[PDB]
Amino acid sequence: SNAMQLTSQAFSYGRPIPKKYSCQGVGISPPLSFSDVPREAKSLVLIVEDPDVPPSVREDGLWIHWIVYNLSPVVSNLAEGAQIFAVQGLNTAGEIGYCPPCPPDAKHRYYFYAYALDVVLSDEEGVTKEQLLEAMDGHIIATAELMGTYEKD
């Protein structure tokens, strides 16, 4: 296509994420595919977040489930639970890496955002979303979005 894509073999936009990738299954990271990445991209960034987190546990209403940056722009697929040859940032629990959906109160939406950058960012551990967004500023050449839902059954 004419624009960068972020998709998953496991679910289409707005459909349920399989149980395997939630706290009700093994809780591993879902498969994701990047395609049509601009040739000028030098790295990719992934941010996964839940704007449906109960506000009584998170006042700003947004829980970050995964941060990955400095991915290769030709990475193509991340297989489920795969090794990440890139830098992982901090989720909202304050730990590195992927946190599975585990919505206590309702069905939630989980948004997966991809960003293509025309630079490689500094190699830093412990990166939060706020810090990452600052580092990206001025370097984002394209974005893509995927969303899936989860509701405990």
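Numbering starts at 1 and follows the sequence shown.
Across the two stretches, 36 to 44 and 104 to 112, the PDB entry reports the greater mean Cα temperature factor for 36 to 44. Annotation for 9 to 17 versus 135 to 143: the higher mean temperature factor (C-alpha) is found in 135 to 143. Highest C-alpha temperature factor among 67, 119, 99, 53, as the PDB entry reports it: 119. Sorting the modelled residues of the chain by their CA temperature factor places residue 123 in the highest third. When the modelled residues of the chain are ordered by C-alpha B-factor, residue 31 sits in the lowest third.
In the PDB entry, a CA B factor belonging to the middle third of its chain's modelled residues is recorded for residue 74.
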